[PDB]
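K.L.:
Right, I'll just put the structure down here and ask away after.
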Amino acid sequence: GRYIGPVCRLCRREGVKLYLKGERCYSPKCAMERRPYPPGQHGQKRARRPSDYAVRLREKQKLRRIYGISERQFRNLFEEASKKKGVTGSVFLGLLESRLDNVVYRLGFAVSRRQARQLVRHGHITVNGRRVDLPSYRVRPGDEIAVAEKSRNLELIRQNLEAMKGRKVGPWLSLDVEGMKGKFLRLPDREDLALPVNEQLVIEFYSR
Amino acid sequence: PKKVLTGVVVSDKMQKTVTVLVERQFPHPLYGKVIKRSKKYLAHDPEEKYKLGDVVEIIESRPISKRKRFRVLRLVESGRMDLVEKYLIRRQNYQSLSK
Amino acid sequence: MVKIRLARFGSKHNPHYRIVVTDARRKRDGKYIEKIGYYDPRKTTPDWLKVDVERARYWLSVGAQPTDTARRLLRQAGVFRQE
Amino acid sequence: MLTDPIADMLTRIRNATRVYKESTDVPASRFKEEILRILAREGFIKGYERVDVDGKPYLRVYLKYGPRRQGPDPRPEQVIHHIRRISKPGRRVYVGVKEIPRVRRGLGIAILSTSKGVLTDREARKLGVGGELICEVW
Amino acid sequence: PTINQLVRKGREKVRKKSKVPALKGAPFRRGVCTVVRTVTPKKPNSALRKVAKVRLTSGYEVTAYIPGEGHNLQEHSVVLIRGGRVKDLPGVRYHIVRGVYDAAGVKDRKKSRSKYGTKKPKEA
Amino acid sequence: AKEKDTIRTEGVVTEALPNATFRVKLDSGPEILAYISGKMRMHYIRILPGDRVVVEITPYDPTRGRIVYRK
RNA sequence: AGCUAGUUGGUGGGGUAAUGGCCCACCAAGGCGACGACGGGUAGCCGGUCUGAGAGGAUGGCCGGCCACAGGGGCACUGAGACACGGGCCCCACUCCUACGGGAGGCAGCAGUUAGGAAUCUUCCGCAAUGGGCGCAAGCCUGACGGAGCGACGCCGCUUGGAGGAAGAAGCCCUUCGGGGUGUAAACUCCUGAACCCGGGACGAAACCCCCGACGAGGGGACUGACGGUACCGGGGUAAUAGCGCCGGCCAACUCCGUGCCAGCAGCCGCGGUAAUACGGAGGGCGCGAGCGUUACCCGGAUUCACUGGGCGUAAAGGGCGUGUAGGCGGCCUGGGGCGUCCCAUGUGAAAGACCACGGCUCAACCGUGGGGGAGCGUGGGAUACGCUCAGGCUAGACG
Ligand SMILES: [Mg+2]
Ligand SMILES: [Mg+2]
Ligand SMILES: [Mg+2]
Ligand SMILES: [Mg+2]
Ligand SMILES: [Mg+2]
Ligand SMILES: [Mg+2]
Ligand SMILES: [Mg+2]
Ligand SMILES: [Mg+2]
Ligand SMILES: [Mg+2]
Ligand SMILES: [Mg+2]
Ligand SMILES: [Mg+2]
Ligand SMILES: [Mg+2]
Ligand SMILES: [Mg+2]
Ligand SMILES: [Mg+2]
Ligand SMILES: [Mg+2]
Ligand SMILES: [Mg+2]
Ligand SMILES: [Mg+2]
Ligand SMILES: [Mg+2]
Ligand SMILES: [Mg+2]
Ligand SMILES: [Mg+2]
Ligand SMILES: [Mg+2]
Ligand SMILES: [Mg+2]
Ligand SMILES: [Mg+2]
Ligand SMILES: [Mg+2]
Ligand SMILES: [Mg+2]
Ligand SMILES: [Mg+2]
Ligand SMILES: [Mg+2]
Ligand SMILES: [Mg+2]
Ligand SMILES: [Mg+2]
Ligand SMILES: [Mg+2]
Ligand SMILES: [Mg+2]
Ligand SMILES: [Mg+2]
Ligand SMILES: [Mg+2]
Ligand SMILES: [Mg+2]
Ligand SMILES: [Mg+2]
Ligand SMILES: [Mg+2]
Ligand SMILES: [Mg+2]
Ligand SMILES: [Mg+2]
Ligand SMILES: [Mg+2]
Ligand SMILES: [Mg+2]
Ligand SMILES: [Mg+2]
Ligand SMILES: [Mg+2]
Ligand SMILES: [Mg+2]
Ligand SMILES: [Mg+2]
Ligand SMILES: [Mg+2]
Ligand SMILES: [Mg+2]
Ligand SMILES: [Mg+2]
Ligand SMILES: [Mg+2]
Ligand SMILES: [Mg+2]
Ligand SMILES: [Mg+2]
Ligand SMILES: [Mg+2]
Ligand SMILES: [Mg+2]
Ligand SMILES: [Mg+2]
Ligand SMILES: [Mg+2]
Ligand SMILES: [Mg+2]
Ligand SMILES: [Mg+2]
Ligand SMILES: [Mg+2]
Ligand SMILES: [Mg+2]
Ligand SMILES: [Mg+2]
Ligand SMILES: [Mg+2]
Ligand SMILES: [Mg+2]
Ligand SMILES: [Mg+2]
Ligand SMILES: [Mg+2]
Ligand SMILES: [Mg+2]
Ligand SMILES: [Mg+2]
Ligand SMILES: [Mg+2]
Ligand SMILES: [Mg+2]
Ligand SMILES: [Mg+2]
Ligand SMILES: [Mg+2]
Ligand SMILES: [Mg+2]
Ligand SMILES: [Mg+2]
Ligand SMILES: [Mg+2]
Ligand SMILES: [Mg+2]
Ligand SMILES: [Mg+2]
Ligand SMILES: [Mg+2]
Ligand SMILES: [Mg+2]
Ligand SMILES: [Mg+2]
Ligand SMILES: [Mg+2]
Ligand SMILES: [Mg+2]
Ligand SMILES: [Zn+2]
């Protein structure tokens, strides 16, 4: 079971706007607006200079919380990238971007990460004609992420794709809006992702 | 292949038998210095041909007796007691270092 | 007696047999003489049976005996066909 | 008696190069000579030539050093920053071809004795032979 | 040392002695109290430290420290040993488990409850 | 929590054992080991081996006591 | 630190499938040890596993291979095969029957009991599948096996809702009394629909057998479920478990009160003797999450037994000195050999694991297929700088 609770209280702890709330992380209510300090009694107090370990610890947390994944999946996912040939940094990111629930949100299907997680969990996502209900499903390049024809008439689904009309999708992505389709064209590159995280810090966090 | 080794006769005192000493060179498994190890083989001399100090070849053989599984092949170098001298004195040094 | 049989290398509810040459006195999962094929009863892959018949035909010429299931799959691969 | 004439030679040069000697002399030996060839070939020494000192044959080894440097300690940067004997008497070192090392990530050399002759680490590696890993030089 | 020497005699691995002869190397070991005492500490600290002589299943009589604010361990009460030494008490090489046979957990413990062997209360 | 089973019985110092230790003989019953309270030692207060003192005793060990009242 | 009387060797004989002091006789006087004999302690061994940058340290559960034992010791018979777990003879200890004469036993087979122990399961279903014994077969046996049960023991996947929602309620906490915090967090709006209800409901199964063909090839035909109505598919459908450690530093998280060297915390350095970010609670915060902490143990940090990769003037460490034994080490030139060394070929390195690839359970753990690697050892062939060796030559070392 992942983290369930106040979400826009962790927009402040990281210090960077985290859109896990989906909407209301854009409207002037995120609590990142006019409240950028960390939560708690001592949030508004002056913050000391963080230790070297503090710097890397937060960078990992700033990244892990973005996707909505527990550390157990998060850690083992990282260990894979080190064994796999290539730069460990960008290899790990494309693996997170290849999660099914992330692809649902990435394709603009879902308002937030948590929404996409429940969308997949309730089996509403079709992958190559097969329903898949695992948010931790690794999407391959070329896979067809579609919407179940049973749920194509669900007013929440047509709600999000009505605002998707005219919205652009990831370069490694493409979706059919009227048919509620979508395809994972390629693994996104570092420059494909606009994540406000330094990968090397998180990697260095794991050298210990 | 039946294994074959080359050594020196160090005992003639037996009947139809002669003791043979065989050296081995091989690097150390951790310290890598080449180290010299030796092993005594009881060899069969059916005609009491070979004598003390002769350098002889030995071959894996059908067992003759308890502690005998090698037959003398042929003489390599005749009668070099300088190798015998080394053997006996190392044996004789053991008479000290007791009490 | 040298025998030609199957050894279960699958997992629970997912059998996978290694068609194998071993002495009948060994465990079915014991060490065998030669691996001569694999069998998938659930038919979950397009290629779910391979034999290498001309190798199997050798062990018969020296006296290996197949099981009635082993004989079934070898005949299926035409080890015995002679036309 | 001198024990390890190669190590003495390397140390002759190791001592020679630190007081910036123009040349130092080492007793002549065809193996020592075949070593100095690699050095002059590799640009670590200016070169060498045979010499008879009081009737005894030596090898005038002419060392080389970098440019005179800037303020305090203007003494030039060494050409041979490092020399270390490896396959010493009583602890002998032999390498196979795959067991050839990459000295200083390729910037250094490793002089090898092989049945095909005295070679550098690159030379024997492209030759595909191994042998006595004599010494690192860089 | 010389390579010839290292060949002749070689290194000697360093044998580590068990700081806890809770025998059989067991993670724990049960035993009966012999005394239940309060012992004064070493130089830097001053207090009354509740300990207990225990007769163990391994066949040992060793001292065990009684953690917590208050305890019910008696002369004949049975207990289980945890291990780990009390720094400021010499010779007390093992601890005592709260939440075991005749040893009850600390009452009204609300911060560290996995330690000290206390259950989870209810909020109405 | 600070259990309240402590006592404040009195006694007479008997021995001058090392490191602020005495053989304080309680007026009630027997003598205890009777180390000096920290408040007293911080305030020094030399205790002669024949003084009347007040002892803090925890029932978990009546063998031990703490000299609280200076003389 | 010395061991050895069938002990070492011989001839002959006995024995076995077969060599052998394996045993017997007789003869010789030998064999082993500092390259660790003998004695004591510990221990199944490996494939591997864990760790580690690696060299290495550790371990040998499960799984696979070999060895050994079957209450202990000894013995043989039958047999291709045993000196035989569920065969036999005897001695010993034990339990039981006993007409006191004498008998029967052997779970380290599957479950189950008791003991000890910190601790480790059901006296389950089933012969449907694979394997084995016997049989012409039909078929029979199989606690091998395949399944189920229990246990967060490990690994893994999954849930305890998503979105909207106050410059921001109650309650608690703090306060410079202005206010700050728990916080979009709750309420609540709206959407989805874990569990659960209903029907459908598997693969694992095809042969042995029968029939046509000559009991062959080949063709054709028939029975066959433990799991289990389970998995899966379709339909309905409810906002619907969160816990545990820490917050003095190493090490990420702070304030208030209580308590005053007390009660206690503590892996180490240390806190507390009236303002305690260390003790106890609260608020808040940090870390993980069906887990979270502790001890034991192994490795790491440890370069702190230093092969990689440490030292000995004063920090731990040059023997009080010499001679000299073994051993280790070896100047220049030439030549033969090619032992070390290097190279190629080749056999080997079982499977599993580990590594790359693809694929099968909706993903994963798990599993399948294919690929590649690997030291070491055997063999054949080649090279000769270096080390070794034999032969000669020298004079720089050594001696005279
Ligand atoms: Mg890799
Ligand atoms: Mg990488
Ligand atoms: Mg692309
Ligand atoms: Mg590391
Ligand atoms: Mg003789
Ligand atoms: Mg004989
Ligand atoms: Mg002697
Ligand atoms: Mg078997
Ligand atoms: Mg056929
Ligand atoms: Mg010692
Ligand atoms: Mg006799
Ligand atoms: Mg005979
Ligand atoms: Mg020897
Ligand atoms: Mg010897
Ligand atoms: Mg044992
Ligand atoms: Mg290390
Ligand atoms: Mg590793
Ligand atoms: Mg072991
Ligand atoms: Mg071992
Ligand atoms: Mg077992
Ligand atoms: Mg036995
Ligand atoms: Mg027995
Ligand atoms: Mg039979
Ligand atoms: Mg037996
Ligand atoms: Mg028996
Ligand atoms: Mg039997
Ligand atoms: Mg039995
Ligand atoms: Mg009886
Ligand atoms: Mg018990
Ligand atoms: Mg079980
Ligand atoms: Mg049954
Ligand atoms: Mg069956
Ligand atoms: Mg049946
Ligand atoms: Mg069967
Ligand atoms: Mg039959
Ligand atoms: Mg039966
Ligand atoms: Mg089973
Ligand atoms: Mg919400
Ligand atoms: Mg409503
Ligand atoms: Mg509804
Ligand atoms: Mg359901
Ligand atoms: Mg079926
Ligand atoms: Mg079927
Ligand atoms: Mg017919
Ligand atoms: Mg047919
Ligand atoms: Mg059925
Ligand atoms: Mg609710
Ligand atoms: Mg930490
Ligand atoms: Mg800190
Ligand atoms: Mg108190
Ligand atoms: Mg604490
Ligand atoms: Mg103080
Ligand atoms: Mg106060
Ligand atoms: Mg206070
Ligand atoms: Mg506090
Ligand atoms: Mg602390
Ligand atoms: Mg506290
Ligand atoms: Mg709290
Ligand atoms: Mg989990
Ligand atoms: Mg745990
Ligand atoms: Mg590390
Ligand atoms: Mg350690
Ligand atoms: Mg180490
Ligand atoms: Mg040390
Ligand atoms: Mg060293
Ligand atoms: Mg040191
Ligand atoms: Mg000293
Ligand atoms: Mg001296
Ligand atoms: Mg030489
Ligand atoms: Mg020599
Ligand atoms: Mg050779
Ligand atoms: Mg090979
Ligand atoms: Mg393998
Ligand atoms: Mg797949
Ligand atoms: Mg060869
Ligand atoms: Mg030649
Ligand atoms: Mg030559
Ligand atoms: Mg000469
Ligand atoms: Mg002369
Ligand atoms: Zn936000």
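Ordered as shown in the structure tokens, chains take letters A, B, and onward, while each chain numbers its residues from 1 and ligands are numbered from 1 in the order shown.
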Excluding residue D:94 and its own-chain neighbours fewer than 6 positions away, which residues fall within 9 Å of it when counting only C-alpha atoms (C1' of nucleotides)? Please give them as a PDB file with C-alpha atoms (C1' of nucleotides), in the first residue's frame.

P.N.:
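Written out: result-v8.pdb:
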```pdb
ATOM      1  CA  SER D  87      59.026  -9.690 -10.803  1.00  0.00           C
ATOM      2  CA  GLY D 130      52.703 -13.100 -21.692  1.00  0.00           C
ATOM      3  CA  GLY D 131      55.665 -13.498 -19.400  1.00  0.00           C
ATOM      4  CA  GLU D 132      57.696 -11.917 -16.619  1.00  0.00           C
ATOM      5  CA  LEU D 133      56.053  -8.631 -15.640  1.00  0.00           C
ATOM      6  CA  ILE D 134      59.340  -6.886 -14.982  1.00  0.00           C
TER       7      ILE D 134
ATOM      8  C1'   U G 341      56.852 -19.369 -17.914  1.00  0.00           C
ATOM      9  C1'   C G 342      53.948 -17.879 -22.493  1.00  0.00           C
TER      10        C G 342
END
```

K.L.:
List every residue of chain B that DSSP, applied to the backbone of this structure, assigns to strand (DSSP E), and report them as a ChimeraX atom specification.

P.N.:
/B:4-11,17-27,34-44,55-65,68-77

K.L.:
As a quick test: using only C-alpha atoms (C1' of nucleotides) and all ligand atoms, which residues lie no more than 10 Å away from ligand 51? Give them as a PDB file with N, CA and C atoms (P, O5', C5', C4', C3', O3' and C1' of nucleotides), in the first residue's frame.

P.N.:
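Writing done, so here's selection_14.pdb:
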```
ATOM      1  N   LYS E 111       5.371   6.052  23.978  1.00  0.00           N
ATOM      2  CA  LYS E 111       6.264   6.472  22.899  1.00  0.00           C
ATOM      3  C   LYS E 111       6.964   5.289  22.236  1.00  0.00           C
ATOM      4  N   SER E 112       7.701   4.496  23.009  1.00  0.00           N
ATOM      5  CA  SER E 112       8.397   3.316  22.498  1.00  0.00           C
ATOM      6  C   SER E 112       7.722   2.090  23.104  1.00  0.00           C
ATOM      7  N   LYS E 115       9.709  -1.697  21.949  1.00  0.00           N
ATOM      8  CA  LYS E 115      10.540  -1.835  23.132  1.00  0.00           C
ATOM      9  C   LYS E 115       9.659  -1.790  24.374  1.00  0.00           C
TER      10      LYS E 115
ATOM     11  P     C G 246      12.397   4.253  19.186  1.00  0.00           P
ATOM     12  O5'   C G 246      13.105   5.455  18.415  1.00  0.00           O
ATOM     13  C5'   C G 246      14.418   5.314  17.893  1.00  0.00           C
ATOM     14  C4'   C G 246      14.702   6.348  16.833  1.00  0.00           C
ATOM     15  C3'   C G 246      14.710   7.792  17.309  1.00  0.00           C
ATOM     16  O3'   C G 246      15.968   8.162  17.842  1.00  0.00           O
ATOM     17  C1'   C G 246      13.395   7.600  15.341  1.00  0.00           C
ATOM     18  P     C G 265      16.004   2.620  31.247  1.00  0.00           P
ATOM     19  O5'   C G 265      16.440   3.544  30.023  1.00  0.00           O
ATOM     20  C5'   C G 265      15.468   4.230  29.246  1.00  0.00           C
ATOM     21  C4'   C G 265      16.108   5.234  28.322  1.00  0.00           C
ATOM     22  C3'   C G 265      17.249   4.715  27.465  1.00  0.00           C
ATOM     23  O3'   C G 265      16.808   4.005  26.325  1.00  0.00           O
ATOM     24  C1'   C G 265      17.868   6.777  28.431  1.00  0.00           C
ATOM     25  P     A G 266      17.466   2.586  25.965  1.00  0.00           P
ATOM     26  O5'   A G 266      18.990   2.929  25.653  1.00  0.00           O
ATOM     27  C5'   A G 266      19.365   3.564  24.438  1.00  0.00           C
ATOM     28  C4'   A G 266      20.814   3.982  24.462  1.00  0.00           C
ATOM     29  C3'   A G 266      21.823   2.868  24.703  1.00  0.00           C
ATOM     30  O3'   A G 266      22.148   2.149  23.528  1.00  0.00           O
ATOM     31  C1'   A G 266      22.289   4.656  26.158  1.00  0.00           C
ATOM     32  P     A G 278      15.910  16.486  25.260  1.00  0.00           P
ATOM     33  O5'   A G 278      16.978  15.574  24.511  1.00  0.00           O
ATOM     34  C5'   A G 278      16.559  14.537  23.631  1.00  0.00           C
ATOM     35  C4'   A G 278      17.188  13.211  23.983  1.00  0.00           C
ATOM     36  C3'   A G 278      16.959  12.735  25.415  1.00  0.00           C
ATOM     37  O3'   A G 278      16.854  11.313  25.416  1.00  0.00           O
ATOM     38  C1'   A G 278      19.278  12.947  25.015  1.00  0.00           C
ATOM     39  P     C G 279      15.423  10.610  25.223  1.00  0.00           P
ATOM     40  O5'   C G 279      14.995  10.231  26.708  1.00  0.00           O
ATOM     41  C5'   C G 279      15.815   9.383  27.497  1.00  0.00           C
ATOM     42  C4'   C G 279      15.444   9.443  28.957  1.00  0.00           C
ATOM     43  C3'   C G 279      13.956   9.496  29.260  1.00  0.00           C
ATOM     44  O3'   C G 279      13.355   8.217  29.239  1.00  0.00           O
ATOM     45  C1'   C G 279      15.075  11.149  30.523  1.00  0.00           C
TER      46        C G 279
END
```

K.L.:
Hey, could you make a per-residue contact list for chain D against chain B with 10 Å as the cut-off, showing the nearest pair of atoms and its distance in Å to one decimal, counting only C-alpha atoms, sorted by chain and number, as JSON lines?

P.N.:
```
{"residue": "D:87", "atom": "CA", "partner": "B:33", "partner_atom": "CA", "distance": 9.8}
{"residue": "D:88", "atom": "CA", "partner": "B:33", "partner_atom": "CA", "distance": 9.5}
{"residue": "D:89", "atom": "CA", "partner": "B:33", "partner_atom": "CA", "distance": 8.8}
{"residue": "D:90", "atom": "CA", "partner": "B:33", "partner_atom": "CA", "distance": 6.0}
{"residue": "D:91", "atom": "CA", "partner": "B:33", "partner_atom": "CA", "distance": 4.4}
{"residue": "D:92", "atom": "CA", "partner": "B:33", "partner_atom": "CA", "distance": 5.7}
{"residue": "D:93", "atom": "CA", "partner": "B:32", "partner_atom": "CA", "distance": 7.3}
{"residue": "D:94", "atom": "CA", "partner": "B:32", "partner_atom": "CA", "distance": 9.2}
```

K.L.:
Residues as selected, N, CA and C atoms, written as a compact mmCIF listing (two decimals), in the first residue's frame, can you do that?

P.N.:
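Wrote selection04.txt, looks like this:
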```
# COMPACT_ATOMS: atom_id res chain seq x y z
N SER D 87 58.76 -8.25 -10.86
CA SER D 87 59.03 -9.69 -10.80
C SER D 87 60.42 -9.91 -10.22
N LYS D 88 60.49 -9.84 -8.89
CA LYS D 88 61.74 -9.83 -8.15
C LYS D 88 62.23 -11.25 -7.86
N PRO D 89 63.52 -11.43 -7.59
CA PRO D 89 64.02 -12.76 -7.23
C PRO D 89 63.49 -13.19 -5.87
N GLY D 90 62.95 -14.41 -5.82
CA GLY D 90 62.29 -14.87 -4.63
C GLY D 90 60.81 -14.56 -4.57
N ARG D 91 60.31 -13.67 -5.43
CA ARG D 91 58.88 -13.53 -5.66
C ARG D 91 58.73 -13.19 -7.14
N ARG D 92 58.63 -14.22 -7.97
CA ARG D 92 58.62 -14.04 -9.41
C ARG D 92 57.20 -13.81 -9.90
N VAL D 93 57.06 -12.91 -10.87
CA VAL D 93 55.77 -12.51 -11.40
C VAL D 93 55.72 -12.89 -12.88
N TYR D 94 54.72 -13.68 -13.26
CA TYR D 94 54.46 -14.02 -14.65
C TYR D 94 53.01 -13.71 -14.96
```

K.L.:
List as a ChimeraX atom specification the protein and nucleic acid residues lying within 10 Å of ligand 10, with only C-alpha atoms (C1' of nucleotides) and all ligand atoms counted.

P.N.:
/E:9,11-13

K.L.:
Could you take the residues named above and write them with N, CA and C atoms, as a tab-separated table (two decimals), in the first residue's frame?

P.N.:
```tsv
chain	number	residue	atom	x	y	z
E	9	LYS	N	55.71	-19.34	7.21
E	9	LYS	CA	54.86	-19.26	8.40
E	9	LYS	C	53.48	-18.69	8.13
E	11	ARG	N	50.24	-15.71	7.52
E	11	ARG	CA	49.42	-14.90	8.41
E	11	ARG	C	48.68	-15.78	9.41
E	12	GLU	N	48.06	-15.13	10.39
E	12	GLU	CA	47.27	-15.79	11.42
E	12	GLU	C	45.95	-15.03	11.54
E	13	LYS	N	44.85	-15.67	11.13
E	13	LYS	CA	43.55	-15.02	11.21
E	13	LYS	C	43.25	-14.61	12.64
```

K.L.:
Show me which residues are within 9 Å of ligand 68 counting only C-alpha atoms (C1' of nucleotides) and all ligand atoms, and format the list as a VMD selection string.

P.N.:
chain G and resid 318 to 321

K.L.:
Please identify every residue of chain F that has at least one atom no more than 10 Å from any atom of chain E, counting only C-alpha atoms, and report them as a VMD selection string.

P.N.:
chain F and resid 1 to 3 19 35 to 38 57 to 66

K.L.:
Could you pull out the residues sitting within 8 Å of ligand 77, using only C-alpha atoms (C1' of nucleotides) and all ligand atoms, and write them as an NGL selection string?

P.N.:
:G and (335-336 or 384)

K.L.:
Please run DSSP on the backbone and report, as a list in words, all residues within stretch 20-79 of chain C that come out as alpha helix (DSSP H).

P.N.:
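Filtering stretch 20-79 of chain C down to alpha helix (DSSP H) leaves residues 53, 54, 55, 56, 57, 58, 59, 60, 61, 62, 68, 69, 70, 71, 72, 73, 74, 75 and 76 of chain C.
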
K.L.:
Mind dumping the selected residues with N, CA and C atoms as a CSV table (one decimal), in the first residue's frame?

P.N.:
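Output saved as selection.csv:
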```csv
chain,number,residue,atom,x,y,z
C,53,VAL,N,15.1,-35.9,-33.2
C,53,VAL,CA,14.8,-37.3,-33.4
C,53,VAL,C,16.0,-38.1,-33.6
C,54,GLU,N,16.9,-37.7,-34.5
C,54,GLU,CA,18.1,-38.5,-34.9
C,54,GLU,C,19.0,-38.7,-33.7
C,55,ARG,N,18.9,-37.9,-32.7
C,55,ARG,CA,19.6,-38.2,-31.4
C,55,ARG,C,18.8,-39.2,-30.6
C,56,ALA,N,17.5,-39.0,-30.6
C,56,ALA,CA,16.7,-40.0,-29.8
C,56,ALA,C,16.8,-41.4,-30.4
C,57,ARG,N,16.9,-41.5,-31.7
C,57,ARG,CA,16.9,-42.8,-32.4
C,57,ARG,C,18.2,-43.5,-32.0
C,58,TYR,N,19.3,-42.8,-31.6
C,58,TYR,CA,20.5,-43.5,-31.1
C,58,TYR,C,20.3,-44.3,-29.9
C,59,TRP,N,19.7,-43.6,-28.8
C,59,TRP,CA,19.6,-44.3,-27.5
C,59,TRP,C,18.7,-45.5,-27.6
C,60,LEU,N,17.7,-45.5,-28.6
C,60,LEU,CA,16.9,-46.7,-28.8
C,60,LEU,C,17.8,-47.9,-29.3
C,61,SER,N,18.7,-47.6,-30.2
C,61,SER,CA,19.5,-48.6,-30.8
C,61,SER,C,20.4,-49.3,-29.8
C,62,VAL,N,20.6,-48.7,-28.6
C,62,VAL,CA,21.4,-49.4,-27.5
C,62,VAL,C,20.5,-50.0,-26.4
C,68,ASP,N,5.1,-44.8,-21.7
C,68,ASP,CA,4.0,-44.8,-22.6
C,68,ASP,C,3.6,-43.3,-22.9
C,69,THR,N,3.9,-42.4,-22.0
C,69,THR,CA,3.8,-41.0,-22.4
C,69,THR,C,5.0,-40.5,-23.2
C,70,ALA,N,6.2,-41.0,-22.8
C,70,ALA,CA,7.4,-40.7,-23.6
C,70,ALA,C,7.3,-41.2,-25.0
C,71,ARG,N,6.8,-42.5,-25.2
C,71,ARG,CA,6.5,-43.0,-26.5
C,71,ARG,C,5.5,-42.2,-27.3
C,72,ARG,N,4.5,-41.7,-26.6
C,72,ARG,CA,3.5,-40.9,-27.3
C,72,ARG,C,4.1,-39.7,-27.9
C,73,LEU,N,4.9,-38.9,-27.2
C,73,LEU,CA,5.5,-37.7,-27.8
C,73,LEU,C,6.6,-37.9,-28.8
C,74,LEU,N,7.3,-39.0,-28.7
C,74,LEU,CA,8.3,-39.4,-29.7
C,74,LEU,C,7.6,-39.7,-31.0
C,75,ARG,N,6.6,-40.5,-31.0
C,75,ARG,CA,5.8,-40.8,-32.1
C,75,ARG,C,5.2,-39.6,-32.7
C,76,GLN,N,4.8,-38.7,-31.9
C,76,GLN,CA,4.2,-37.4,-32.3
C,76,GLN,C,5.2,-36.6,-33.1
```

K.L.:
Do you have the atom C1' of residue G:345-atom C1' of residue G:379 distance handy?

P.N.:
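Rounded to one decimal, the two atoms are 10.0 Å apart.
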
K.L.:
Do you know which residues are within 9 Å of ligand 25 using only C-alpha atoms (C1' of nucleotides) and all ligand atoms? Can you write them as a PyMOL selection string?

P.N.:
chain G and resi 70+82-85+87-88

K.L.:
Return as a list in words the residues of protein, DNA or RNA that approach ligand 71 to within 12 Å, with only C-alpha atoms (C1' of nucleotides) and all ligand atoms taken into account.

P.N.:
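I would give the residues around ligand 71 as residues 115 of chain D; 337, 338, 339, 340, 341, 342, 343, 381, 382, 383, 384 and 388 of chain G.
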
K.L.:
Would you list which chain E residues are within 10 Å of chain D using only C-alpha atoms, as a PyMOL selection string?

P.N.:
chain E and resi 2-4
